[PDB]
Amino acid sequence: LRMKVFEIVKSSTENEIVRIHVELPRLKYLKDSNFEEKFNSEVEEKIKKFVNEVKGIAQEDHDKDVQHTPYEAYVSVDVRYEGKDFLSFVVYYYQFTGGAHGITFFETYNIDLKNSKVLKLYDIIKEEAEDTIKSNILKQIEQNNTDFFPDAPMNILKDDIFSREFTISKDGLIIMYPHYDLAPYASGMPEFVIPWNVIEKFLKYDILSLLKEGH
């Protein structure tokens, strides 16, 4: 198979107060090595920080003898798209410092590997694409509203789509939300797919970094 520019380094640790599991995302063999370093350490910096925070919190709660069970931090990587000229993946920061369940927050990375650049949604589509996207999501919520909070629609209208976490796939754009914003924790983390052709009209940047073959 072809040389791969992305890898995940796994590693865990444990003791009687905390369980640490880490999936470190790393770019390698990039045409631009300075880009690869700043990216790799930047994301590595955030992981160590998240992890040392969930540790110091397990330490204190235990020190103040109020920990009832072992706490845990679980950072996992989920690749949505792995192509030659593009990479899209999520980093999930899970934590359980008590309670019936833990808290999960995440970050998305949409990397144009051709030009070595991290893209945000407003880099790919024009602002005027917003109404189209919200309308889509709203239809998508009403299709099975029984799964969302009745005020979900209202938040999508309030929401700044252009600052929302998202991933990319050859099939389309995937807008992602956390728990509690649009639905109960039981519903899970809402992701809304948006076919490319439905927003093709508002592109400012390529759809060809996605096609692995021009033939």
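Numbers for residues come from their place in the sequence shown, where the first is 1.
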property	result
Mean temperature factor over C-alpha atoms, higher-scoring stretch between 63 to 71 and 147 to 155	63 to 71
Stretch with the higher entry mean CA B-factor, where the candidates are 106 to 114 and 91 to 99	91 to 99
Among modelled residues of the same chain, the CA temperature factor third for residue 203	middle
CA B-factor ranking of residue 5, expressed as a third of its chain	middle
Lowest, middle or highest third - CA B-factor, residue 51	lowest
Among modelled residues of the same chain, the CA temperature factor third for residue 183	middle
Lowest, middle or highest third - CA B-factor, residue 57	highest
